[PDB]
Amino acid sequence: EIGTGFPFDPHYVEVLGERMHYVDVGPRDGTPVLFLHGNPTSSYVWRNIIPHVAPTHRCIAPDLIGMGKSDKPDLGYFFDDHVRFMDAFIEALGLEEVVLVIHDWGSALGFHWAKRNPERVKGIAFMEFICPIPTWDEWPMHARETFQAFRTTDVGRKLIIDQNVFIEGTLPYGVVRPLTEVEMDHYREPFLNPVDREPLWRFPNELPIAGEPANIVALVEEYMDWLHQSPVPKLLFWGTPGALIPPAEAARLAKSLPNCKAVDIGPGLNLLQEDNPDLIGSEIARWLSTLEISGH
């Protein structure tokens, strides 16, 4: 009873001269809800969540540049490249105020956008998000060893670029329930050609771990300090054991962040959307019905 289909018409918009693919469903009668995926997923990750929200709120879910059905410009696919394209995507759709629903690298994009444009963010739903990781000791050995290997230019590229391990390993390892072959083939579609795998390797190399890279550590601290002082409505989803956000950290954030509701999805690792999309979609729709936005 977790759906494998993608029941949305294709949309594409030109952004900095490149095409970006996106979902866009639901009425243009209020504040749209912008869904931002991370590594190594696409808008496909939101397929079972959006249908709970779309009847009453417009849902917009882009594929990041170099990912999903978006174009593949010859870039390094550093976080700042994703910032440029996601800022331009939001402007190309003429979005004014938004609600954010964000995950993994999509959460870095959304929180960084919110810090720069705080008056335009009416709420943030977030899960398995990017915050500073001051020590490798915070991760279990198996995850520590694999990401330390990923964060090399020789070994890391052989694994992610040549062997496609982020798709063939990290992805199904991040879902507690078994991902099916149909779902794996959806996630594999953008990365059939090894030369298209650059974003999958640059992303782990950008993760703010033990002080490096220092520019990402600084920007992440900046948007976490922003979040910690912001009155914006917040909805945090978490699972057990989690990956980036263990239960103990979710419990801390539930008390430290202003105007925050936390929801336990049950068993989960990084890809919570693949373990309990029904609860995540149901709870986003209930929370949207409490915000001071059109339709309240």
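Throughout, we count residues from 1 along the sequence that is shown.
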**Q.** Entry-level comparison of average CA B-factors, 39 to 47 and 256 to 264, reporting the higher stretch
**A.** 256 to 264
Q. Taking only the CA atoms, which stretch has the higher mean B-factor in the record, 138 to 146 or 119 to 127?
A. 138 to 146
Q.
Take the CA temperature factors straight from the PDB entry and tell me which of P172, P199, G211, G110 peaks.
A. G211
Q: Using the entry's values, work out which of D185, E96, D87, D81 has the largest Cα B factor.
A: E96
Q) When the modelled residues of the chain are sorted by Cα temperature factor, does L16 land in the lowest, middle or highest third? A) highest
(Q) Quick check for you: using the entry's CA B-factors within this chain, is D225 in the lowest, middle or highest third? (A) highest
Q | Third of the chain's Cα B-factor distribution that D162 belongs to, per the entry | A | highest
Q. Which third of the chain holds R28 when residues are ordered by C-alpha B factor: lowest, middle or highest?
A. highest
Q: Select lowest, middle or highest to describe the third in which the CA B-factor of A251 falls within its chain in this entry.
A: middle
